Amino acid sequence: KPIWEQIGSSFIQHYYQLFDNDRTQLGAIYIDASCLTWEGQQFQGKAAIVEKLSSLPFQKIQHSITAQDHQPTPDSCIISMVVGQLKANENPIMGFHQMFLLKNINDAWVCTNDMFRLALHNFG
């Protein structure tokens, strides 16, 4: 596995680990100039993003990754495309798609761009 996949699959395992355990700690992987698009809604900067993710009405949420693709960018960045399932609260399982653009800053891979979108169960 190339190094970008190793770094990439490592970043999303971490991301979903924190998201599922304590999403208030997610501010560490985002910077001031980070952009988030959540179901069409836009937020910029660490505070707004973490505030939006923390506002979510659920107490318990669990992500399950069905597939993830990684690639390096000419600017030495890394793009990750994830597809999966999520269980929030007592809600029926729901498929999801998510994109992360990662950049190395101070020997640390941070997310500058994040796009998330929900699917539709259609089953059950």
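For every residue, the number given is its place in the sequence shown, counted from 1.
Higher mean CA temperature factor, per the PDB entry, when comparing 67-75 with 47-55: 47-55. Remark: stretch with higher mean C-alpha B factor among 110-118 and 15-23 is 15-23. Set against one another, the Cα B-factors of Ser34, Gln41, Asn91, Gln98 in the record reach their highest point at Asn91.
Sort the modelled residues of the chain by CA B factor and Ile61 lands in the highest third. The deposited CA B-factor of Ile29 belongs to the highest third of values across its chain.
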